[PDB]
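Protein chains in written order, with the deposited numbering: chain X, 1 to 62; chain W, 1 to 85.
For reference, the structure discussed in these notes is given below.
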Amino acid sequence: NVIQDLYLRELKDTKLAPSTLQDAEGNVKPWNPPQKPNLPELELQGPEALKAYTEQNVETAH
Amino acid sequence: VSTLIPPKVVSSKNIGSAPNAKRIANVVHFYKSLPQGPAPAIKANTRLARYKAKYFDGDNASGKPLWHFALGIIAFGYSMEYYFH
């Protein structure tokens, strides 16, 4: 009765209330990419270090 | 990170400790060591290497050579007594 009246009135006269996807974007964190793939620097590259190390520590093992 | 290179370097442990000094001593001393020493004296030969051997060796120090040595001087002057008398 009143159930029917409400059911009808409610459903018909506005089903959903307005919404916009564009507005949502502002209020949510946007995807942003990691910066740089990165490559590790060549650690202790070449015998520059070795020649230095042999001389630097010619320290024996006692 | 990458280990240092000291553990695989040795070259002054051979002066680094005291038995190195002893080592270089006893490689010479013992390597050219004889099993036994040479002699406890043995020369005086003329039928007197026996006199030394019996009396003046490490075998004994006893009063027998003393008596003998005394008697030589006694024999000199005792004969000479009758040369003086």
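Using N, Cα and C, we set each Cβ at its ideal position, and we do this for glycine too.
For this session: Note down, one range per segment and in chain order, each beta strand (DSSP E) of at least 3 residues found wholly within the segment 33-74 of chain W.
Result: none
Exercise. Between W:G37 and W:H85, what straight-line distance do the alpha-carbon atoms span, to the nearest angstrom?
Worked result: Reading the second sequence from its first residue, position 37 is the one you call residue 37 of chain W. Reading the second sequence from its first residue, position 85 is the one you call residue 85 of chain W. Roughly 54 Å between the two C-alpha positions.
Problem set entry | Which of helix, strand or coil DSSP assigns to W:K8 | Numbered from 1 along the second sequence, position 8 holds the residue referred to as residue 8 of chain W. Three-state DSSP puts W:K8 in a helix.
Exercise. In the structure shown, what three-state DSSP assignment does residue 147 of chain W receive?
Worked result: Residue 147 of chain W falls outside the range modelled here, since chain W spans only 1 to 85, and no answer is possible.
For this session: Report all residues from its chain with a CB closer than 7 Å to the CB of W:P65; omit the five preceding and five following residues, and keep chain order.
Result: For the purposes of this step, residue 65 of chain W is taken as residue 65 along the second sequence, with counting starting at 1. Within the same chain, W:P65 has close Cβ partners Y55, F56.
Exercise. What residue does the alpha helix (DSSP H) around W:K22 start on, and which one ends it?
Worked result: Here residue 22 of chain W refers to the residue found at position 22 of the second sequence. Run containing W:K22: 19-29, per the alpha helix (DSSP H) assignment.
Problem set entry | For X:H62 and W:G16, believed in contact at Cβ under 8 Å, the rounded distance | Stepping through the second sequence from its first residue, residue 16 of chain W is reached at position 16. Stepping through the first sequence from its first residue, residue 62 of chain X is reached at position 62. W:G16 to X:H62, Cβ: 6 Å. Contact.
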